[PDB]
């Protein structure tokens, strides 16, 4: 019941084919804030290899995986994180993972400047994994650029609206998440619905394996977003919602508890503004009713969003959980 949008025309230059995609993106963004993307051109064989090599990584013993743990990754925000210890019933979003981002070397200007969230990945010693990760990052980054063109066209803007201001050199945050299967809770599930959240930035592009469990809170009710082979799942973040004045939705979502007996793999890619972008409200959009209160409380809780640089807005969300990001020396 989520829209399935073919975005192939966004790689081309046909104004009418691009307009048709933009019209669908606009409707999906206004009404659900979530849609599937097909015709995106990311090779099916690359996606399968990524899933298999990710699976191979998480099947390593924990002592091995900890060789690449985030505690070794520094301010770039990278590496492996293990499962929480056991509770009577763990959270439905109980997981391990691998934090990744753009591969930047020691001579990159942001690395020499010491800017948080820039630097090198920790690459586990799984044959093929490093190259596969970099190729997938490259290919899905291009999908992100094209989707922003469709979003710009949908809003009545020039297709390069975001590229020219904020995403020409975007902040790319990529994660491999693995959710092990859990016992079905005994009695009533205290943990039900836990983990509901919205994303922080512009665009999320999700690859999910065949297990599924993604659930989306649309204005018309909670819906399942099952895996569809050949698709990514796309949703918008808080920054995009707020810079459109609430016209395009940042929609809450969560994952159901995996009790399927097989580990569930989910790979989100966050396509965000440059760290130093100074994001501003988009001009020329219709006013959306009932947003002054929400708009003002969000501004107060996210001062850097419209009064500073995007990276400080994002660090304000995550620095408390990752003290290495603002660590000096």
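Positions refer to the first chain, counted from 1.
- Annotation for 210-218 versus 172-180: the higher mean temperature factor (C-alpha) is found in 210-218.
- Mean CA temperature factor is higher for 279-287 when stretches 26-34 and 279-287 are set side by side in the entry.
- Highest C-alpha temperature factor among 253, 165, 257, 145, as the PDB entry reports it: 165.
- Per the deposited coordinates, the residue with the largest Cα temperature factor out of 89, 235, 244, 140 is 244.
- The deposited CA B-factor of residue 136 belongs to the lowest third of values across its chain.
- Split the chain's modelled residues into thirds by C-alpha temperature factor. Residue 155 is in the highest one.
- When the CA B factors of the chain's modelled residues are split into thirds, the value for residue 204 lands in the lowest one.
- Residue 274 sits in the middle third of its chain by CA B factor, as recorded in the PDB entry.
- Residue 191: CA B factor lies in the highest third for its chain, per the PDB record.
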